[PDB]
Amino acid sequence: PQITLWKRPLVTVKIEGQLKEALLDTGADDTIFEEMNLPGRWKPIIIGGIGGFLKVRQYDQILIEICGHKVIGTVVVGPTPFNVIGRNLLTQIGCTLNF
């Protein structure tokens, strides 16, 4: 699919059997989701953004099904205004910017 940017590039994803909308964020190095349970041992980490830094939990090799594709990679969990699909998963689907 080709996605314009006139509106927020939100996509429906399936992660750990839960349905969520996430933002295709080329400005996000990593993927972060709002609170939820995930499989595996997680290490507490901290991420930094525009308005400050955020303490969160890091999970490795998490399966997300995004708009019909599948990817496995690091997913961070913590308070975010949006679920964000960072570049760690965008590359796996071969996502690119064009103009």
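Numbers follow the displayed sequence, beginning with 1.
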statement: Going by the entry, of stretches 46 to 54 and 23 to 31 the one with greater average Cα B-factor is 46 to 54
- line: With B-factors read from the PDB entry, the higher C-alpha mean of 62 to 70 and 35 to 43 is in 35 to 43
- prompt: Based on the PDB record, which member of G17, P9, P79, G86 exhibits the highest Cα temperature factor?
  reply: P79
query: In terms of the chain's CA B-factor thirds, is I3 lowest, middle or highest?
result: highest
